[PDB]
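Trainee: Structure file upload_5.cif, mmCIF, C-alpha atoms and all ligand atoms, is pasted below:
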data_start
#
loop_
_atom_site.label_atom_id
_atom_site.label_comp_id
_atom_site.auth_asym_id
_atom_site.auth_seq_id
_atom_site.Cartn_x
_atom_site.Cartn_y
_atom_site.Cartn_z
CA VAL A 2 -9.99 -7.05 5.12
CA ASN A 3 -12.89 -5.38 6.91
CA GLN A 4 -12.08 -7.55 9.92
CA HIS A 5 -8.47 -6.39 9.84
CA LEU A 6 -9.52 -2.74 9.96
CA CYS A 7 -12.03 -3.35 12.77
CA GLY A 8 -9.30 -5.14 14.72
CA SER A 9 -7.16 -2.01 14.59
CA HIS A 10 -9.93 0.05 16.20
CA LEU A 11 -10.78 -2.73 18.66
CA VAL A 12 -7.22 -2.81 20.01
CA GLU A 13 -7.22 0.97 20.39
CA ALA A 14 -10.47 0.79 22.35
CA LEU A 15 -9.18 -1.95 24.67
CA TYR A 16 -6.12 0.19 25.39
CA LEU A 17 -8.29 3.03 26.71
CA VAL A 18 -10.91 0.97 28.56
CA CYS A 19 -8.61 -1.51 30.30
CA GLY A 20 -6.21 1.14 31.60
CA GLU A 21 -3.79 -0.05 34.29
CA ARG A 22 -5.14 -3.60 34.12
CA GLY A 23 -3.80 -3.85 30.58
CA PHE A 24 -5.36 -6.26 28.12
CA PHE A 25 -4.90 -9.22 25.80
CA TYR A 26 -5.58 -9.52 22.08
CA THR A 27 -5.68 -12.54 19.80
CA UNK A 28 -7.46 -13.39 16.53
CA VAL B 2 1.23 11.86 29.52
CA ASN B 3 3.70 11.19 26.71
CA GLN B 4 3.98 7.61 27.93
CA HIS B 5 0.21 7.23 27.58
CA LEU B 6 0.28 8.47 23.98
CA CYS B 7 3.26 6.33 22.98
CA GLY B 8 1.38 3.33 24.38
CA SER B 9 -1.45 4.00 21.95
CA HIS B 10 0.95 3.88 19.00
CA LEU B 11 2.73 0.90 20.54
CA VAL B 12 -0.39 -1.28 20.65
CA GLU B 13 -1.23 -0.33 17.06
CA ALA B 14 2.28 -1.34 16.00
CA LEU B 15 2.04 -4.62 17.95
CA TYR B 16 -1.30 -5.31 16.27
CA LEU B 17 0.27 -5.11 12.82
CA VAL B 18 3.54 -6.87 13.62
CA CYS B 19 2.30 -9.73 15.82
CA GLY B 20 -0.45 -10.77 13.42
CA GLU B 21 -1.86 -14.23 14.12
CA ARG B 22 0.32 -14.77 17.20
CA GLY B 23 -1.54 -11.99 18.98
CA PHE B 24 -0.11 -10.18 21.99
CA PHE B 25 -0.48 -9.05 25.59
CA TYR B 26 -0.23 -5.48 26.86
CA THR B 27 -0.14 -4.06 30.38
CA UNK B 28 1.08 -0.50 31.11
CA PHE C 1 13.62 11.39 19.03
CA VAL C 2 10.70 9.15 20.01
CA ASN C 3 8.45 12.21 19.98
CA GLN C 4 9.50 12.85 16.39
CA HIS C 5 8.49 9.31 15.47
CA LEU C 6 5.04 9.78 17.03
CA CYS C 7 4.54 13.15 15.34
CA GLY C 8 5.49 11.62 11.99
CA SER C 9 2.66 9.13 12.42
CA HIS C 10 0.16 11.99 12.74
CA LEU C 11 1.83 13.85 9.86
CA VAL C 12 1.36 11.04 7.31
CA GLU C 13 -2.30 10.71 8.29
CA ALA C 14 -2.69 14.45 7.76
CA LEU C 15 -0.94 14.32 4.38
CA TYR C 16 -3.18 11.40 3.43
CA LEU C 17 -6.24 13.56 4.08
CA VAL C 18 -4.92 16.83 2.68
CA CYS C 19 -3.15 15.60 -0.47
CA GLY C 20 -6.08 13.49 -1.67
CA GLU C 21 -5.70 12.37 -5.29
CA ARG C 22 -2.28 13.98 -5.71
CA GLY C 23 -0.74 11.44 -3.33
CA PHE C 24 2.51 12.12 -1.51
CA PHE C 25 6.04 11.11 -0.54
CA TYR C 26 7.40 10.69 2.97
CA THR C 27 10.97 10.10 4.10
CA UNK C 28 12.44 10.51 7.61
CA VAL D 2 -15.97 4.90 1.19
CA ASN D 3 -14.28 1.75 2.51
CA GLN D 4 -11.29 2.31 0.22
CA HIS D 5 -10.61 5.76 1.65
CA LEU D 6 -10.68 4.25 5.15
CA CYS D 7 -8.41 1.35 4.15
CA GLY D 8 -5.94 3.82 2.66
CA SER D 9 -5.60 5.55 6.01
CA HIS D 10 -4.53 2.30 7.69
CA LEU D 11 -2.24 1.38 4.78
CA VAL D 12 -0.34 4.65 5.08
CA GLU D 13 0.06 4.12 8.82
CA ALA D 14 1.36 0.62 8.05
CA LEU D 15 3.82 1.81 5.39
CA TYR D 16 5.16 4.40 7.84
CA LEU D 17 6.08 1.71 10.38
CA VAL D 18 7.36 -0.95 7.96
CA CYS D 19 9.43 1.27 5.67
CA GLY D 20 11.20 3.05 8.53
CA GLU D 21 14.18 5.12 7.39
CA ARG D 22 13.59 4.33 3.71
CA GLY D 23 10.36 6.30 3.82
CA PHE D 24 7.62 5.62 1.31
CA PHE D 25 5.35 6.93 -1.42
CA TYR D 26 1.56 6.96 -1.57
CA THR D 27 -0.84 7.78 -4.39
CA UNK D 28 -4.51 6.70 -4.56
CA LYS D 29 -4.21 6.25 -8.32
CA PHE E 1 2.67 23.44 21.67
CA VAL E 2 2.89 20.69 19.06
CA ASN E 3 2.57 18.15 21.87
CA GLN E 4 -0.78 19.67 22.81
CA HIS E 5 -1.86 19.25 19.19
CA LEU E 6 -0.95 15.55 19.10
CA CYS E 7 -2.61 14.89 22.46
CA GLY E 8 -5.77 16.58 21.18
CA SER E 9 -5.97 14.05 18.36
CA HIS E 10 -5.99 11.21 20.88
CA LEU E 11 -8.45 13.12 23.08
CA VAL E 12 -11.01 13.45 20.29
CA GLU E 13 -10.68 9.74 19.49
CA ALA E 14 -11.29 8.97 23.15
CA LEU E 15 -14.34 11.25 23.37
CA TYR E 16 -15.77 9.57 20.26
CA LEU E 17 -15.67 6.18 21.97
CA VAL E 18 -16.69 7.27 25.47
CA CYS E 19 -19.48 9.73 24.66
CA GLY E 20 -21.23 7.37 22.26
CA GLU E 21 -24.75 8.47 21.33
CA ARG E 22 -24.51 11.68 23.36
CA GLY E 23 -21.85 13.05 21.01
CA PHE E 24 -19.53 15.88 22.02
CA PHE E 25 -18.08 19.31 21.28
CA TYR E 26 -14.40 20.14 20.85
CA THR E 27 -12.57 23.46 20.61
CA UNK E 28 -8.82 24.09 21.06
CA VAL F 2 -20.62 -1.49 12.39
CA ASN F 3 -18.86 0.15 9.44
CA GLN F 4 -20.54 3.44 10.31
CA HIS F 5 -19.01 3.36 13.79
CA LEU F 6 -15.56 2.88 12.26
CA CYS F 7 -16.21 5.62 9.71
CA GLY F 8 -17.13 7.94 12.57
CA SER F 9 -13.68 7.49 14.12
CA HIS F 10 -12.05 8.68 10.90
CA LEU F 11 -14.60 11.48 10.61
CA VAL F 12 -13.68 13.05 13.96
CA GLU F 13 -9.96 12.81 13.21
CA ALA F 14 -10.58 14.66 9.94
CA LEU F 15 -12.78 17.32 11.59
CA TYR F 16 -10.08 17.90 14.20
CA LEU F 17 -7.49 18.74 11.54
CA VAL F 18 -9.72 20.74 9.17
CA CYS F 19 -11.54 22.91 11.74
CA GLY F 20 -8.39 23.93 13.62
CA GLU F 21 -8.89 26.76 16.10
CA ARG F 22 -12.61 26.94 15.33
CA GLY F 23 -13.12 23.52 16.88
CA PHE F 24 -16.03 21.33 15.87
CA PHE F 25 -19.12 19.39 16.89
CA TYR F 26 -19.99 15.69 16.63
CA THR F 27 -23.16 13.82 17.58
CA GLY G 1 11.68 19.40 6.09
CA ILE G 2 8.11 18.62 7.12
CA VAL G 3 9.30 17.08 10.39
CA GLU G 4 11.44 20.11 11.17
CA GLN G 5 8.65 22.60 10.45
CA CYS G 6 5.54 20.75 11.65
CA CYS G 7 6.90 18.84 14.65
CA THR G 8 8.26 22.03 16.20
CA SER G 9 5.21 24.21 15.54
CA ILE G 10 1.65 23.38 14.51
CA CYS G 11 1.29 23.25 10.73
CA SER G 12 -2.10 23.91 9.11
CA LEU G 13 -3.65 21.99 6.21
CA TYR G 14 -2.54 24.77 3.84
CA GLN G 15 1.01 24.56 5.18
CA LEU G 16 0.93 20.77 4.83
CA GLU G 17 -0.52 20.93 1.33
CA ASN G 18 2.91 22.06 0.15
CA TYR G 19 4.30 18.56 0.69
CA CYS G 20 1.73 16.88 -1.57
CA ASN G 21 2.35 15.40 -5.03
CA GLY H 1 9.86 -3.31 29.26
CA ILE H 2 8.38 -2.39 25.88
CA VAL H 3 7.35 1.01 27.23
CA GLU H 4 10.83 1.52 28.67
CA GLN H 5 12.55 0.36 25.46
CA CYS H 6 10.32 1.76 22.73
CA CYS H 7 9.15 5.02 24.32
CA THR H 8 12.71 6.13 25.10
CA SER H 9 14.17 5.10 21.76
CA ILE H 10 12.58 4.23 18.42
CA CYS H 11 11.91 0.50 18.20
CA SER H 12 11.91 -1.33 14.87
CA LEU H 13 9.41 -3.93 13.69
CA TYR H 14 11.90 -6.67 14.59
CA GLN H 15 12.46 -5.18 18.04
CA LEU H 16 8.71 -5.00 18.58
CA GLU H 17 8.21 -8.57 17.35
CA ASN H 18 9.74 -9.83 20.59
CA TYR H 19 6.69 -8.72 22.58
CA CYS H 20 4.27 -10.79 20.50
CA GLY I 1 -1.73 -0.84 -6.97
CA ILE I 2 -1.40 -1.04 -3.19
CA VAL I 3 -5.05 -0.09 -2.71
CA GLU I 4 -6.11 -2.72 -5.25
CA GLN I 5 -3.82 -5.35 -3.70
CA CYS I 6 -4.16 -4.60 0.03
CA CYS I 7 -7.72 -3.29 0.31
CA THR I 8 -9.30 -6.39 -1.24
CA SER I 9 -7.18 -8.92 0.64
CA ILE I 10 -4.97 -8.58 3.71
CA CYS I 11 -1.38 -7.74 2.77
CA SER I 12 1.56 -8.94 4.85
CA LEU I 13 4.55 -6.90 6.00
CA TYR I 14 6.69 -8.26 3.16
CA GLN I 15 4.03 -7.42 0.57
CA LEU I 16 3.85 -3.90 1.98
CA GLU I 17 7.63 -3.57 1.75
CA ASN I 18 7.29 -3.29 -2.03
CA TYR I 19 5.95 0.25 -1.64
CA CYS I 20 8.97 1.46 0.34
CA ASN I 21 11.81 3.45 -1.24
CA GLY J 1 -26.07 14.34 9.01
CA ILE J 2 -22.31 14.10 8.55
CA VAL J 3 -22.49 10.34 9.03
CA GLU J 4 -25.25 10.25 6.45
CA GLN J 5 -23.35 12.52 4.06
CA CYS J 6 -19.71 11.45 4.49
CA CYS J 7 -19.96 7.71 5.26
CA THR J 8 -21.79 6.90 2.02
CA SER J 9 -19.57 8.99 -0.25
CA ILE J 10 -16.15 10.57 0.24
CA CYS J 11 -16.49 14.12 1.58
CA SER J 12 -14.01 16.84 0.65
CA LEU J 13 -12.26 19.31 2.94
CA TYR J 14 -14.82 22.00 2.12
CA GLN J 15 -17.75 19.67 2.79
CA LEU J 16 -16.30 18.68 6.15
CA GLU J 17 -15.79 22.35 6.98
CA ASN J 18 -19.58 22.65 7.33
CA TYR J 19 -19.37 20.72 10.60
CA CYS J 20 -16.84 23.09 12.16
CA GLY K 1 -10.03 22.61 30.32
CA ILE K 2 -9.89 19.09 28.89
CA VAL K 3 -6.52 19.83 27.29
CA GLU K 4 -5.27 21.32 30.55
CA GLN K 5 -6.58 18.39 32.59
CA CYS K 6 -5.88 15.45 30.29
CA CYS K 7 -2.70 16.56 28.51
CA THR K 8 -0.89 17.34 31.77
CA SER K 9 -2.02 14.21 33.58
CA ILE K 10 -3.56 11.00 32.25
CA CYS K 11 -7.36 11.26 32.21
CA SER K 12 -9.56 8.20 32.65
CA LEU K 13 -12.69 7.26 30.71
CA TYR K 14 -14.79 8.45 33.65
CA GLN K 15 -12.88 11.73 33.78
CA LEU K 16 -13.33 12.15 30.02
CA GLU K 17 -17.07 11.44 30.22
CA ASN K 18 -17.51 14.88 31.78
CA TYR K 19 -16.88 16.60 28.45
CA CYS K 20 -19.62 14.64 26.68
CA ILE L 2 -13.57 -9.97 20.73
CA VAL L 3 -13.43 -10.02 16.93
CA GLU L 4 -16.56 -12.16 16.66
CA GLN L 5 -18.61 -10.11 19.12
CA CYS L 6 -17.57 -6.53 18.35
CA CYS L 7 -16.94 -6.55 14.58
CA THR L 8 -20.45 -7.67 13.65
CA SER L 9 -22.25 -5.39 16.10
CA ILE L 10 -21.18 -2.35 18.11
CA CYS L 11 -19.80 -3.42 21.50
CA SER L 12 -20.22 -1.25 24.59
CA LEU L 13 -17.62 -0.22 27.17
CA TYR L 14 -18.79 -2.89 29.61
CA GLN L 15 -18.80 -5.54 26.89
CA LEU L 16 -15.27 -4.65 25.78
CA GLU L 17 -14.04 -4.62 29.38
CA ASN L 18 -14.43 -8.40 29.41
CA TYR L 19 -11.29 -8.66 27.27
CA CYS L 20 -9.20 -6.67 29.75
CL CL M 101 1.25 11.07 19.91
CL CL M 102 -11.53 1.77 9.04
ZN ZN M 103 -10.26 2.67 10.43
ZN ZN M 104 -0.17 10.08 18.68
#
Can the structure from this file be put into structure tokens for me?

Mentor:
Amino acid sequence: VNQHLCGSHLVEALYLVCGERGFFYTX
Amino acid sequence: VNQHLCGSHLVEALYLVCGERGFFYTX
Amino acid sequence: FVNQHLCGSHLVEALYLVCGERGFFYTX
Amino acid sequence: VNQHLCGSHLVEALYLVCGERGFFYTXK
Amino acid sequence: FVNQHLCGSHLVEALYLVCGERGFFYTX
Amino acid sequence: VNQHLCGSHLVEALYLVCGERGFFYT
Amino acid sequence: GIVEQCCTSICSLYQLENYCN
Amino acid sequence: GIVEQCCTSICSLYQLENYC
Amino acid sequence: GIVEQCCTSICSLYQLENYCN
Amino acid sequence: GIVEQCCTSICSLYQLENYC
Amino acid sequence: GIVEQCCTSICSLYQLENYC
Amino acid sequence: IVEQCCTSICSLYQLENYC
């Protein structure tokens, strides 16, 4: 479950950093 | 700027809904 | 409104912090 | 505490999933 | 404005990630 | 890395509680 | 409602505390 | 797309599931 | 029970639906 | 110290108010 | 100024780094 | 991304690889 929570923050971070380029997420 | 904020909630929603399938995002 | 939906998301987080042990109800 | 943090995500999740029905939350 | 208030929430989250070890100050 | 995650929730909480006074994080 | 009051003007923690329990 | 559809009107979980 | 059920193991959307109303 | 104080045990609203 | 600058137009990570 | 950044804190440059 700790991984699931971290994933939520990870996806938020990618959204900010990647900007116009966008990003991809998979487990 | 509202589009930028909505995008943040959008990726969080996609993260929960898409699960194992994962997803792609590009503003 | 889409803005209302976004605001609601922040509202439930706020209630979660403020209400503590009492818990809460939310309905749009 | 990890439980307090988990609760925050759970409430966000309930908000999206329950939609118009709304939901209830209490940390017991 | 309520919209300013919501935006601020995202701003503080962003500063937390970007500023890292340096930390930051916030005042509305 | 649990502390880093906790920090994210901490700043969100400080933002709501402190209101007009604002707050500091380091 | 909470949405009517707090999504039109900024509600404080004390204001929000009314919707607990 | 998703931004046009879900930031102009509230999308449901099922609506969002299409972009997975 | 949601904290006990969903904070020890990952709950699915359907599992979470039990706490709606 | 907030990380030391509030990430090991749940801090209350009053406790958090110290960091305002 | 951060609210004025970043809530009226989208601020980047580099732009935001100024308020650190 | 899960393997690298959920066991240790990833930096902005490190995370940018998943863009
Ligand atoms: Cl928002
Ligand atoms: Cl967390
Ligand atoms: Zn979290
Ligand atoms: Zn928001």

Trainee: Show me the residues close to (-7.3, -2.8, 1.4) - anything with an atom within 8 Å, counting only C-alpha atoms - and format the list as number ranges by chain.

Mentor: A: 2; D: 4, 7-8, 11; I: 2-11

Trainee: Residues contacting ligand CL 102 (chain M) - anything with an atom at most 7 Å away, using all atoms listed in the file - can you give me those as number ranges by chain?

Mentor: A: 6-7; D: 6-7; F: 6-7

Trainee: Looking at only C-alpha atoms, which of E:7, E:2, E:18, E:12 is the one that sits closest to residue 14 (chain A)?

Mentor: E:18

Trainee: Skipping near chain neighbours, those fewer than 6 positions away, what residues fall within 9 Å of residue 2 (chain H) using all atoms listed in the file, listed as a ChimeraX atom specification?

Mentor: /B:11 /H:11,16,19

Trainee: What do you get as a PDB file with C-alpha atoms, keeping the file's coordinate frame if you pick all residues at most 10 Å from ligand CL 101 (chain M), counting only C-alpha atoms and all ligand atoms?

Mentor:
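So the final result, stored in out.pdb, reads:
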ATOM      1  CA  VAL B   2       1.230  11.860  29.520  1.00  0.00           C
ATOM      2  CA  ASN B   3       3.700  11.190  26.710  1.00  0.00           C
ATOM      3  CA  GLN B   4       3.980   7.610  27.930  1.00  0.00           C
ATOM      4  CA  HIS B   5       0.210   7.230  27.580  1.00  0.00           C
ATOM      5  CA  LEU B   6       0.280   8.470  23.980  1.00  0.00           C
ATOM      6  CA  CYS B   7       3.260   6.330  22.980  1.00  0.00           C
ATOM      7  CA  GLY B   8       1.380   3.330  24.380  1.00  0.00           C
ATOM      8  CA  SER B   9      -1.450   4.000  21.950  1.00  0.00           C
ATOM      9  CA  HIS B  10       0.950   3.880  19.000  1.00  0.00           C
TER      10      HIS B  10
ATOM     11  CA  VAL C   2      10.700   9.150  20.010  1.00  0.00           C
ATOM     12  CA  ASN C   3       8.450  12.210  19.980  1.00  0.00           C
ATOM     13  CA  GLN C   4       9.500  12.850  16.390  1.00  0.00           C
ATOM     14  CA  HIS C   5       8.490   9.310  15.470  1.00  0.00           C
ATOM     15  CA  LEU C   6       5.040   9.780  17.030  1.00  0.00           C
ATOM     16  CA  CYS C   7       4.540  13.150  15.340  1.00  0.00           C
ATOM     17  CA  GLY C   8       5.490  11.620  11.990  1.00  0.00           C
ATOM     18  CA  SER C   9       2.660   9.130  12.420  1.00  0.00           C
ATOM     19  CA  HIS C  10       0.160  11.990  12.740  1.00  0.00           C
TER      20      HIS C  10
ATOM     21  CA  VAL E   2       2.890  20.690  19.060  1.00  0.00           C
ATOM     22  CA  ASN E   3       2.570  18.150  21.870  1.00  0.00           C
ATOM     23  CA  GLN E   4      -0.780  19.670  22.810  1.00  0.00           C
ATOM     24  CA  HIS E   5      -1.860  19.250  19.190  1.00  0.00           C
ATOM     25  CA  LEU E   6      -0.950  15.550  19.100  1.00  0.00           C
ATOM     26  CA  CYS E   7      -2.610  14.890  22.460  1.00  0.00           C
ATOM     27  CA  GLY E   8      -5.770  16.580  21.180  1.00  0.00           C
ATOM     28  CA  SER E   9      -5.970  14.050  18.360  1.00  0.00           C
ATOM     29  CA  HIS E  10      -5.990  11.210  20.880  1.00  0.00           C
TER      30      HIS E  10
END

Trainee: Both chains have the same sequence, so superpose chain A on chain B over all Cα atoms paired in order and return it as a short mmCIF file (atom, residue, chain, number, x, y, z; two decimals) with C-alpha atoms, in the coordinates of the input.

Mentor:
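The resulting out-v6.cif:
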data_model
loop_
_atom_site.label_atom_id
_atom_site.label_comp_id
_atom_site.auth_asym_id
_atom_site.auth_seq_id
_atom_site.Cartn_x
_atom_site.Cartn_y
_atom_site.Cartn_z
CA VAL A 2 0.92 12.01 29.40
CA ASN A 3 3.63 11.48 26.79
CA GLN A 4 3.78 7.85 27.91
CA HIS A 5 0.04 7.50 27.41
CA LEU A 6 0.28 8.72 23.83
CA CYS A 7 3.26 6.47 23.05
CA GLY A 8 1.32 3.53 24.47
CA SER A 9 -1.44 4.14 21.94
CA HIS A 10 1.03 3.87 19.05
CA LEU A 11 2.83 0.93 20.66
CA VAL A 12 -0.38 -1.12 20.83
CA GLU A 13 -1.14 -0.32 17.19
CA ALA A 14 2.34 -1.49 16.19
CA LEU A 15 2.04 -4.76 18.15
CA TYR A 16 -1.26 -5.44 16.39
CA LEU A 17 0.42 -5.33 12.97
CA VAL A 18 3.68 -7.11 13.85
CA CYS A 19 2.26 -9.97 15.91
CA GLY A 20 -0.42 -10.89 13.38
CA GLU A 21 -2.09 -14.27 13.94
CA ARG A 22 -0.04 -14.90 17.09
CA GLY A 23 -1.82 -11.98 18.73
CA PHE A 24 -0.18 -10.10 21.56
CA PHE A 25 -0.33 -8.94 25.17
CA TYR A 26 -0.19 -5.43 26.60
CA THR A 27 0.21 -4.21 30.17
CA UNK A 28 1.61 -1.05 31.79
#

Trainee: Might you pull out every residue within 6 Å of region 9-26 of chain F, with all atoms listed in the file counted and same-chain residues fewer than 3 positions away left off, and present them as number ranges by chain?

Mentor: E: 23-28; F: 6; J: 20

Trainee: Find the residues around residue 14 (chain K) up to 12 Å (all atoms listed in the file counted), leave out those fewer than 4 positions away in its own chain, and share them as an MDAnalysis selection string.

Mentor: (chainID A and resid 17:18 20) or (chainID E and resid 14:15 17:19) or (chainID K and resid 6 10 18:20) or (chainID L and resid 13)

Trainee: Taking all atoms listed in the file into account, report as a count of residues only which residues of chain D lie within 9 Å of chain J.

Mentor: 3

Trainee: Using Å and a single decimal, report how far CA of residue 2 (chain L) sits from CA of residue 11 (chain E).

Mentor: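 It comes out at 23.8 Å.
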